[PDB]
Amino acid sequence: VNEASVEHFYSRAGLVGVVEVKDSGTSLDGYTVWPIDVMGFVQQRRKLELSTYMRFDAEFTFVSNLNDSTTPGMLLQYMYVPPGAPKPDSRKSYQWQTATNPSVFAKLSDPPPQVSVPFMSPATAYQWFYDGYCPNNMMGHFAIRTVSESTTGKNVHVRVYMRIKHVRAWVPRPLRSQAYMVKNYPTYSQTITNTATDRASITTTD
Amino acid sequence: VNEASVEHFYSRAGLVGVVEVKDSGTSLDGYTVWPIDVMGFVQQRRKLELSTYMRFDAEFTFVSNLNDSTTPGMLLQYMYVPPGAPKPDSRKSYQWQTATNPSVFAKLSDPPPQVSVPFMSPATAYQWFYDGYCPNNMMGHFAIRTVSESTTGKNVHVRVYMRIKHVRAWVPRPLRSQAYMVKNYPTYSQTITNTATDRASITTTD
Amino acid sequence: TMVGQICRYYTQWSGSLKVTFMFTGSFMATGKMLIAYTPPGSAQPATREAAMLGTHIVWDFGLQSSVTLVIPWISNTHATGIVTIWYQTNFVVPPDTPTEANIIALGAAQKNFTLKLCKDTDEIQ
Amino acid sequence: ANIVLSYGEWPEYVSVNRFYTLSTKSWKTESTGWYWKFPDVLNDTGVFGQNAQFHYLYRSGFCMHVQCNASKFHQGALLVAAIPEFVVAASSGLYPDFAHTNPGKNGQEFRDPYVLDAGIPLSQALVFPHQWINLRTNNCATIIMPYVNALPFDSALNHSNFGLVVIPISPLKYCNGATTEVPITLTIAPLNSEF
Amino acid sequence: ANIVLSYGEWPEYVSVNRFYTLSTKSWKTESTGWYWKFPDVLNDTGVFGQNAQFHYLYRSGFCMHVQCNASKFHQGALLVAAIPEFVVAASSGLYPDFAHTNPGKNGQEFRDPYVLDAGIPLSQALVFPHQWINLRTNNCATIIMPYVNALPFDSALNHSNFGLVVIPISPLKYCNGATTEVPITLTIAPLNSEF
Amino acid sequence: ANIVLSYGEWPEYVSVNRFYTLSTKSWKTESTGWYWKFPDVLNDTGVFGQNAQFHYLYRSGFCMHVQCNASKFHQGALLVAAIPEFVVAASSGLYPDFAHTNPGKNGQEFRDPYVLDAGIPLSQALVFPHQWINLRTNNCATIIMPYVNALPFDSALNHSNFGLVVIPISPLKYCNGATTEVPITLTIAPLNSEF
């Protein structure tokens, strides 16, 4: 059927992380960076590790709001930096004006911004497991700034949603039964847990 | 004629229930759930019980407002959960971020949101009467949340309208003359009331 | 098994299944066995004389090394069948040979199998 | 005779296909009516009871005939109706007991005929595939009934497809010397049955 | 015999193409298993070791055969599997040492067979191109393996394409008087190699 | 295999035509034999028992198979025979009891094998449609049996058409360490049955 497909298995939007830019209290800055990832949550990890090689595109959506569900009309800037490039380091650094770091401008009271990014890799596919000898599959970053001269005193909360299109998976492998401990490494605890629930006897049932 | 049709008999929008999310006074919460139904009002009950088996689609519209007909720009979230799934239980529980519970985002000052839902049933039709041995025909739920960190102190009133399309009715049955007492059950009172008004004599008229 | 971990990402399923048995003993070991399947909505048999009446298959592992059975059709949602293993004949052994053995279960699905609704899994890591 | 085919369609798919004569019921001057659930009336009798209780799934059609036996000095009139998904309600514990819901082959006597014991006017119970019996015209009635259902191949010990209802509209009355109870007889004949 | 071709495709593009017989391993009643990284098992032996360590780039397919030598009074069963990109994890410094990651031609003994030393149930390690060995049926197994890779023409001293794993599911057991260790032998034969 | 057709003629005229596996019997060094009356062995089991006890008349043929399960370190030999109208006599009340005459599906153990418990030499019980079982040659035997009778369509609860007899001529013997009881299994399959 159509529902039991690789195409429909991975074709949904969903949260990947929350970012808050703080400009009040002990911290008074206007910028925040976020390393884009695909495996920041456990559930998406176990669903993306049914395969070994993959290739797809990505679409990103941004929803931003104050701390009381209010939407004034202050301006904001979103900038994406490709891999292998310096990232901003101050509220009004030099990197905020470059013609090769694609940036976009939008207000706080408007329909959410939406952008798309191509398949960025120097190989023919992504690899989750690499037997040879800070995400592994580097894709880029997102710097978010509020365009202002001085401080504002108001914090901003930002969520981000990602959709993936044109998926292609090649070789499968079994799922995971042990608890996750560390990122980018398959290290597991020393107390091995059985995969199946227990039973009183092999000749009993309910 | 076209007006005396099953297609035109059931083809209208109308209220099905009112929901208020309260975040002030003795109750300080941000979420509210509502079990979707089709027979929450007496008039729609007597019109939907002219048949026994039915099959249709549904379209839902949401109108939301404050207590003084004012429309500020605070953000809101609407989420639909299919049958057979856990429902949220707190202002910021885990179920608010899942890729399989279709959710939508909209502001308080905007044209009303509008969504459609397919025919959800494990049979070939809905049944209002079941001779075999909390709505009976489970369809889903609607969880409504205001995206905020702390409390707001402002209550919100929400109404919902439903339109049904592509109706199909199979076997008819007479209407109801007794007063409704309980939901999901046809139990009636012990004082049987005559269906027709009374007259002084069988040979008199006005 | 990969059928019961991919059926936790969906809600409704229907179709037939497949179970294959395998015997790992000495070459000079002989005996018989009985495998039965009780349809959904019944009681577990108490004696082999009752399990003989329904659907079953005899197995002599001294002449064959693997046997297979097919369930007709099952359909659950969100009381569902049972299978039992009975002894028929003891286990014969020549001198200077072990008196133990083991079996494997090897479950699988069939070509008629569908999944109808998407939901998130619960067996987290 | 004047056979009526319900909804105009037959079901259309030796030992278990034969006539079953049920118990005779007596009609008096004071009487309300009787009814019978029809997937179960035969769940205790003959071979059909045995293979229905054993097998999980069931589907079938039915043919019913009602016979009267009176003379030319009696008077009355009856109504015979068939109701798909006849749910019985309880007047004011919100729960009717097992006896009314699942009567045996003998059926259950009506308690409140006016509302059909379900809050139904009984002045509109003619959209159903009905027939009339008048004591001066004739004494027979036949009905065909296909297998109506939403999901095919359902249970036989946990479902009730339809029900049959007999109600006297006009009251029985006679003169002195005559028998004070006309009998009524019901028969069934399973047609195109499956398991 | 019963040769299995992994994924159904051969690689398809005298001195360095010959049979290499590896060291024999002993099977006991208590035993966990063994595994071998396959782009390196031959990085120290024969001409192939020399031209692999010299040239920068490498690509090749492989053919493997496993042989057993037992009698009719022994009992057991094994499993032979091939895993593309077999990464070995460490239980709780988050860093396995060099020995486990890059064993010599003799391989490394498994520490925790149940989770396959990588948190993998081992009840699902049959999607891989596997084969079975039963001590009462036969004593041989053959496997073909093409060159799977994302980027063509990768290194041979800094990459590991796949690994081969042998695990006893049923335990070895015998009676008195019999030899207490059946030997196991492995051979390799490079096919369609390039540099 | 080596199937034997008794007297060269088949009987020739789903639910009641299937294989029935009887109880297993144990063979020891000391043992006499067993026998089974064949119109009744199935008069308590399955559907066939039900329609045999209900209907007055009966006729049918039969097919029987006997299986052994031993090893190459055992020794022995058996004889399987079928006797039309096998009447059992009593040694010196001139009346054998019900148990010997009409044993259940498990059969009855022979008391005096030499005279076949009927004053019959057993050195001549080969004119009957017999077969041999030798523990070094094979382990199976099959027999077909038509419906022999003087008057057609006789009873099934008051008549005994024939009987089946298994007797060890050579005694079982083995060496230390081996199982001390080879099992024997019997199966039946009604063919061309009528009622």
# chains A, B, ... in the order shown; residues from 1 in each chain; ligands from 1
call {"tool": "closest_atom_pairs", "arguments": {"of": "chain B", "to": "chain A", "cutoff": "8 Å", "atoms": "only C-alpha atoms", "output": "JSON lines"}}
result
{"residue": "B:73", "atom": "CA", "partner": "A:71", "partner_atom": "CA", "distance": 5.7}
{"residue": "B:74", "atom": "CA", "partner": "A:70", "partner_atom": "CA", "distance": 4.4}
{"residue": "B:75", "atom": "CA", "partner": "A:69", "partner_atom": "CA", "distance": 5.1}
{"residue": "B:76", "atom": "CA", "partner": "A:69", "partner_atom": "CA", "distance": 7.7}
{"residue": "B:97", "atom": "CA", "partner": "A:15", "partner_atom": "CA", "distance": 6.7}
{"residue": "B:98", "atom": "CA", "partner": "A:14", "partner_atom": "CA", "distance": 6.9}
{"residue": "B:99", "atom": "CA", "partner": "A:14", "partner_atom": "CA", "distance": 5.1}
{"residue": "B:100", "atom": "CA", "partner": "A:12", "partner_atom": "CA", "distance": 7.8}
{"residue": "B:146", "atom": "CA", "partner": "A:69", "partner_atom": "CA", "distance": 7.0}
{"residue": "B:147", "atom": "CA", "partner": "A:69", "partner_atom": "CA", "distance": 5.8}
{"residue": "B:148", "atom": "CA", "partner": "A:68", "partner_atom": "CA", "distance": 5.1}
{"residue": "B:149", "atom": "CA", "partner": "A:67", "partner_atom": "CA", "distance": 5.8}
{"residue": "B:150", "atom": "CA", "partner": "A:68", "partner_atom": "CA", "distance": 7.2}
{"residue": "B:151", "atom": "CA", "partner": "A:68", "partner_atom": "CA", "distance": 7.9}
{"residue": "B:152", "atom": "CA", "partner": "A:68", "partner_atom": "CA", "distance": 6.6}
call {"tool": "write_last_selection", "arguments": {"atoms": "C-alpha atoms", "output": "short mmCIF file (atom, residue, chain, number, x, y, z; two decimals), in the first residue's frame"}}
result
data_model
loop_
_atom_site.label_atom_id
_atom_site.label_comp_id
_atom_site.auth_asym_id
_atom_site.auth_seq_id
_atom_site.Cartn_x
_atom_site.Cartn_y
_atom_site.Cartn_z
CA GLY B 73 -2.36 39.28 18.59
CA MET B 74 -1.49 36.42 20.93
CA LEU B 75 -0.54 33.08 19.39
CA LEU B 76 -2.51 29.85 19.76
CA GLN B 97 5.60 17.83 20.30
CA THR B 98 4.85 14.73 18.23
CA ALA B 99 5.14 14.38 14.46
CA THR B 100 2.02 12.17 14.10
CA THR B 146 -1.81 29.12 24.26
CA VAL B 147 1.94 29.11 23.64
CA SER B 148 3.39 30.81 26.71
CA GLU B 149 5.88 30.17 29.50
CA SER B 150 3.99 31.45 32.56
CA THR B 151 0.33 32.25 33.17
CA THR B 152 -1.51 34.99 31.28
#
call {"tool": "select_by_dssp", "arguments": {"residues": "range 19-97 of chain D", "states": "helix (DSSP H, G or I)", "output": "count of residues only"}}
result
9
call {"tool": "residues_around", "arguments": {"residues": "residue 167 in chain D", "least_positions_apart": "2", "cutoff": "9 Å", "atoms": "only C-alpha atoms", "output": "short mmCIF file (atom, residue, chain, number, x, y, z; two decimals) with N, CA, C and O atoms, in the first residue's frame"}}
result
data_model
loop_
_atom_site.label_atom_id
_atom_site.label_comp_id
_atom_site.auth_asym_id
_atom_site.auth_seq_id
_atom_site.Cartn_x
_atom_site.Cartn_y
_atom_site.Cartn_z
N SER D 31 -54.34 -8.31 25.45
CA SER D 31 -53.05 -8.76 24.96
C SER D 31 -52.33 -7.57 24.35
O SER D 31 -52.96 -6.67 23.79
N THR D 32 -51.00 -7.57 24.46
CA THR D 32 -50.17 -6.47 23.99
C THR D 32 -49.40 -6.81 22.72
O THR D 32 -49.43 -6.04 21.76
N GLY D 33 -48.72 -7.94 22.69
CA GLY D 33 -47.95 -8.34 21.53
C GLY D 33 -46.75 -9.16 21.94
O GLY D 33 -46.49 -9.39 23.11
N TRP D 34 -46.01 -9.61 20.92
CA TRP D 34 -44.83 -10.43 21.12
C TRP D 34 -43.77 -10.04 20.10
O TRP D 34 -44.08 -9.49 19.04
N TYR D 35 -42.51 -10.33 20.43
CA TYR D 35 -41.42 -10.05 19.51
C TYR D 35 -40.33 -11.10 19.68
O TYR D 35 -40.21 -11.75 20.72
N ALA D 77 -57.79 -7.98 14.05
CA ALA D 77 -56.80 -7.62 13.05
C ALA D 77 -55.44 -7.49 13.73
O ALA D 77 -55.36 -7.00 14.86
N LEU D 78 -54.39 -7.91 13.03
CA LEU D 78 -53.04 -7.91 13.55
C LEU D 78 -52.12 -7.15 12.60
O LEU D 78 -52.50 -6.77 11.49
N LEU D 79 -50.89 -6.93 13.06
CA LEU D 79 -49.84 -6.31 12.25
C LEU D 79 -48.54 -7.07 12.47
O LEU D 79 -48.18 -7.35 13.62
N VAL D 80 -47.85 -7.40 11.39
CA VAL D 80 -46.58 -8.13 11.44
C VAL D 80 -45.51 -7.26 10.80
O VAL D 80 -45.66 -6.83 9.65
N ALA D 81 -44.44 -7.00 11.54
CA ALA D 81 -43.39 -6.10 11.10
C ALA D 81 -42.02 -6.70 11.39
O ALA D 81 -41.86 -7.54 12.28
N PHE D 110 -44.80 -7.74 24.80
CA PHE D 110 -44.61 -6.30 24.83
C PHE D 110 -45.16 -5.70 26.12
O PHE D 110 -46.19 -6.15 26.64
N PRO D 113 -47.07 -1.23 24.15
CA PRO D 113 -47.15 -1.29 22.68
C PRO D 113 -47.22 0.07 22.00
O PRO D 113 -46.77 0.21 20.86
N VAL D 165 -41.96 -8.53 14.99
CA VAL D 165 -42.90 -7.97 15.95
C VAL D 165 -44.33 -8.21 15.46
O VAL D 165 -44.64 -7.95 14.29
N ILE D 169 -53.79 -4.50 16.61
CA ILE D 169 -54.31 -3.13 16.60
C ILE D 169 -55.75 -3.11 17.09
O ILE D 169 -56.07 -2.48 18.10
#
call {"tool": "residues_around", "arguments": {"residues": "range 134-144 of chain F", "least_positions_apart": "4", "cutoff": "9 Å", "atoms": "only C-alpha atoms", "output": "ChimeraX atom specification"}}
result
/F:1-6,9-10,61-72,74-80,82,129-130
call {"tool": "closest_atom_pairs", "arguments": {"of": "chain D", "to": "chain B", "cutoff": "12 Å", "atoms": "only C-alpha atoms", "output": "Markdown table"}}
result
| residue | atom | partner | partner_atom | distance |
| --- | --- | --- | --- | --- |
| D:6 | CA | B:171 | CA | 11.6 |
| D:7 | CA | B:171 | CA | 9.6 |
| D:37 | CA | B:131 | CA | 9.7 |
| D:38 | CA | B:131 | CA | 11.4 |
| D:39 | CA | B:132 | CA | 10.5 |
| D:40 | CA | B:132 | CA | 11.3 |
| D:82 | CA | B:173 | CA | 11.7 |
| D:83 | CA | B:173 | CA | 9.1 |
| D:84 | CA | B:171 | CA | 8.8 |
| D:85 | CA | B:131 | CA | 5.2 |
| D:86 | CA | B:131 | CA | 6.3 |
| D:87 | CA | B:131 | CA | 5.3 |
| D:88 | CA | B:186 | CA | 8.2 |
| D:89 | CA | B:187 | CA | 5.2 |
| D:90 | CA | B:187 | CA | 5.4 |
| D:91 | CA | B:188 | CA | 5.3 |
| D:92 | CA | B:189 | CA | 5.2 |
| D:93 | CA | B:187 | CA | 9.4 |
| D:94 | CA | B:187 | CA | 6.3 |
| D:95 | CA | B:187 | CA | 8.6 |
| D:96 | CA | B:187 | CA | 9.6 |
| D:98 | CA | B:133 | CA | 10.6 |
| D:101 | CA | B:131 | CA | 8.9 |
| D:102 | CA | B:132 | CA | 10.2 |
| D:111 | CA | B:190 | CA | 11.9 |
| D:112 | CA | B:192 | CA | 9.3 |
| D:113 | CA | B:192 | CA | 11.2 |
| D:114 | CA | B:192 | CA | 8.8 |
| D:115 | CA | B:192 | CA | 8.0 |
| D:116 | CA | B:174 | CA | 11.4 |
| D:117 | CA | B:188 | CA | 9.3 |
| D:118 | CA | B:186 | CA | 6.9 |
| D:119 | CA | B:178 | CA | 5.7 |
| D:120 | CA | B:176 | CA | 6.1 |
| D:121 | CA | B:177 | CA | 6.5 |
| D:122 | CA | B:174 | CA | 8.6 |
| D:123 | CA | B:174 | CA | 8.9 |
| D:124 | CA | B:174 | CA | 5.8 |
| D:125 | CA | B:174 | CA | 6.9 |
| D:126 | CA | B:174 | CA | 8.9 |
| D:127 | CA | B:173 | CA | 7.0 |
| D:128 | CA | B:173 | CA | 7.6 |
| D:129 | CA | B:173 | CA | 11.3 |
| D:148 | CA | B:171 | CA | 9.8 |
| D:149 | CA | B:53 | CA | 9.3 |
| D:150 | CA | B:124 | CA | 5.7 |
| D:151 | CA | B:123 | CA | 5.7 |
| D:152 | CA | B:123 | CA | 9.2 |
| D:153 | CA | B:123 | CA | 11.8 |
| D:154 | CA | B:132 | CA | 10.2 |
| D:155 | CA | B:132 | CA | 9.2 |
| D:156 | CA | B:132 | CA | 9.5 |
| D:157 | CA | B:132 | CA | 8.9 |
| D:158 | CA | B:133 | CA | 5.5 |
| D:159 | CA | B:132 | CA | 3.8 |
| D:160 | CA | B:131 | CA | 5.3 |
| D:161 | CA | B:131 | CA | 7.0 |
| D:162 | CA | B:131 | CA | 7.9 |
| D:163 | CA | B:131 | CA | 9.7 |
call {"tool": "interface_residues", "arguments": {"of": "chain F", "to": "chain C", "cutoff": "10 Å", "atoms": "only C-alpha atoms", "output": "ChimeraX atom specification"}}
result
/F:19-26,45-47,68-74,174-185
call {"tool": "write_last_selection", "arguments": {"atoms": "C-alpha atoms", "output": "short mmCIF file (atom, residue, chain, number, x, y, z; two decimals), in the first residue's frame"}}
result
data_model
loop_
_atom_site.label_atom_id
_atom_site.label_comp_id
_atom_site.auth_asym_id
_atom_site.auth_seq_id
_atom_site.Cartn_x
_atom_site.Cartn_y
_atom_site.Cartn_z
CA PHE F 19 -5.79 -39.45 9.58
CA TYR F 20 -6.34 -40.59 13.18
CA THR F 21 -3.17 -41.13 15.22
CA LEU F 22 -3.68 -43.65 18.02
CA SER F 23 -1.85 -44.02 21.33
CA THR F 24 1.79 -45.08 21.28
CA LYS F 25 2.74 -48.49 22.71
CA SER F 26 6.06 -49.31 24.36
CA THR F 45 -13.46 -40.63 18.79
CA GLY F 46 -14.12 -37.85 16.31
CA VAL F 47 -17.14 -37.30 14.11
CA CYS F 68 8.74 -47.67 14.37
CA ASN F 69 11.45 -45.40 15.79
CA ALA F 70 14.74 -47.09 16.71
CA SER F 71 18.49 -46.70 16.13
CA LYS F 72 21.22 -48.81 14.53
CA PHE F 73 22.31 -50.37 17.86
CA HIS F 74 18.97 -52.13 18.51
CA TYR F 174 20.31 -54.08 23.22
CA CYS F 175 23.43 -53.03 25.13
CA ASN F 176 24.02 -50.77 28.12
CA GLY F 177 23.37 -47.03 27.72
CA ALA F 178 20.64 -47.40 25.07
CA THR F 179 16.95 -46.50 25.59
CA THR F 180 15.13 -49.54 27.05
CA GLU F 181 11.84 -49.08 25.07
CA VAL F 182 11.36 -48.46 21.30
CA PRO F 183 7.91 -46.83 20.64
CA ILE F 184 5.36 -48.02 18.09
CA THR F 185 2.65 -45.86 16.50
#
call {"tool": "select_by_dssp", "arguments": {"residues": "range 14-54 of chain C", "states": "strand (DSSP E or B)", "output": "ChimeraX atom specification"}}
result
/C:14-24,30,32-38
call {"tool": "write_last_selection", "arguments": {"atoms": "C-alpha atoms", "output": "PDB file, in the first residue's frame"}}
result
ATOM      1  CA  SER C  14      -4.437  -7.945   9.191  1.00  0.00           C
ATOM      2  CA  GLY C  15      -3.157 -10.988   7.338  1.00  0.00           C
ATOM      3  CA  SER C  16      -1.461 -14.357   7.711  1.00  0.00           C
ATOM      4  CA  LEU C  17       1.793 -15.313   9.431  1.00  0.00           C
ATOM      5  CA  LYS C  18       4.523 -17.976   9.257  1.00  0.00           C
ATOM      6  CA  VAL C  19       6.483 -20.010  11.830  1.00  0.00           C
ATOM      7  CA  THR C  20       9.404 -22.340  11.039  1.00  0.00           C
ATOM      8  CA  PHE C  21      10.939 -24.829  13.476  1.00  0.00           C
ATOM      9  CA  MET C  22      14.475 -26.235  13.457  1.00  0.00           C
ATOM     10  CA  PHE C  23      16.012 -29.111  15.428  1.00  0.00           C
ATOM     11  CA  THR C  24      19.669 -29.178  16.527  1.00  0.00           C
ATOM     12  CA  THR C  30      15.069 -40.092  16.531  1.00  0.00           C
ATOM     13  CA  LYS C  32       8.258 -37.625  17.011  1.00  0.00           C
ATOM     14  CA  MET C  33       6.467 -34.420  17.979  1.00  0.00           C
ATOM     15  CA  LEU C  34       3.067 -32.753  17.642  1.00  0.00           C
ATOM     16  CA  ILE C  35       2.313 -29.089  16.891  1.00  0.00           C
ATOM     17  CA  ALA C  36      -1.209 -27.654  17.055  1.00  0.00           C
ATOM     18  CA  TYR C  37      -2.950 -24.301  16.603  1.00  0.00           C
ATOM     19  CA  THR C  38      -6.181 -23.340  18.396  1.00  0.00           C
TER      20      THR C  38
END
call {"tool": "atom_distance", "arguments": {"atom1": "CA of residue 196 in chain A", "atom2": "CA of residue 46 in chain A"}}
result
17.9 Å
call {"tool": "closest_residue", "arguments": {"among": "B:38, B:120, B:143, B:4", "to": "chain C", "atoms": "only C-alpha atoms"}}
result
B:120
call {"tool": "atom_distance", "arguments": {"atom1": "CA of residue 43 in chain E", "atom2": "CA of residue 145 in chain E"}}
result
18.3 Å
call {"tool": "atom_distance", "arguments": {"atom1": "CA of residue 40 in chain A", "atom2": "CA of residue 183 in chain A"}}
result
8.6 Å
call {"tool": "decode", "arguments": {"residues": "range 173-194 of chain D", "atoms": "N, CA and C atoms", "output": "short mmCIF file (atom, residue, chain, number, x, y, z; two decimals), in the first residue's frame"}}
result
data_model
loop_
_atom_site.label_atom_id
_atom_site.label_comp_id
_atom_site.auth_asym_id
_atom_site.auth_seq_id
_atom_site.Cartn_x
_atom_site.Cartn_y
_atom_site.Cartn_z
N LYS D 173 -62.60 -9.93 19.89
CA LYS D 173 -63.88 -10.03 20.57
C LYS D 173 -64.74 -11.06 19.85
N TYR D 174 -65.68 -11.64 20.59
CA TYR D 174 -66.50 -12.73 20.10
C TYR D 174 -67.83 -12.71 20.86
N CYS D 175 -68.59 -13.79 20.72
CA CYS D 175 -69.85 -13.98 21.44
C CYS D 175 -69.74 -15.23 22.32
N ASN D 176 -70.79 -15.46 23.10
CA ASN D 176 -70.80 -16.59 24.02
C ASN D 176 -70.77 -17.91 23.26
N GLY D 177 -70.11 -18.91 23.85
CA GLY D 177 -70.07 -20.26 23.25
C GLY D 177 -68.83 -20.50 22.42
N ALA D 178 -68.17 -19.43 21.96
CA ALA D 178 -67.02 -19.59 21.05
C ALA D 178 -65.74 -19.81 21.86
N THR D 179 -64.72 -20.37 21.23
CA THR D 179 -63.43 -20.57 21.93
C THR D 179 -62.87 -19.20 22.30
N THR D 180 -62.30 -19.07 23.49
CA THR D 180 -61.83 -17.75 23.98
C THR D 180 -60.34 -17.51 23.70
N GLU D 181 -59.74 -18.21 22.73
CA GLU D 181 -58.31 -17.99 22.40
C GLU D 181 -57.96 -18.54 21.02
N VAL D 182 -57.79 -17.67 20.02
CA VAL D 182 -57.34 -18.14 18.68
C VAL D 182 -55.83 -18.38 18.76
N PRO D 183 -55.27 -19.51 18.27
CA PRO D 183 -53.82 -19.71 18.28
C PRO D 183 -53.12 -19.08 17.08
N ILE D 184 -51.83 -18.79 17.28
CA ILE D 184 -50.96 -18.23 16.25
C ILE D 184 -49.68 -19.05 16.20
N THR D 185 -49.21 -19.34 14.99
CA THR D 185 -48.05 -20.20 14.78
C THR D 185 -47.04 -19.50 13.89
N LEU D 186 -45.75 -19.72 14.18
CA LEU D 186 -44.65 -19.11 13.44
C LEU D 186 -43.68 -20.19 12.98
N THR D 187 -43.16 -20.04 11.76
CA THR D 187 -42.19 -20.96 11.20
C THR D 187 -41.06 -20.19 10.54
N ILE D 188 -39.88 -20.82 10.50
CA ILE D 188 -38.67 -20.23 9.94
C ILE D 188 -38.02 -21.24 9.01
N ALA D 189 -37.24 -20.72 8.06
CA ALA D 189 -36.55 -21.56 7.07
C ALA D 189 -35.29 -20.84 6.61
N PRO D 190 -34.13 -21.18 7.19
CA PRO D 190 -32.89 -20.53 6.77
C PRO D 190 -32.61 -20.74 5.28
N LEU D 191 -32.21 -19.67 4.61
CA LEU D 191 -31.93 -19.69 3.18
C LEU D 191 -30.58 -19.03 2.93
N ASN D 192 -29.72 -19.71 2.18
CA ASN D 192 -28.40 -19.21 1.81
C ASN D 192 -27.58 -18.87 3.06
N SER D 193 -27.34 -19.89 3.87
CA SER D 193 -26.59 -19.74 5.11
C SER D 193 -25.12 -20.07 4.90
N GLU D 194 -24.27 -19.41 5.68
CA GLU D 194 -22.83 -19.62 5.61
C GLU D 194 -22.24 -19.57 7.01
#
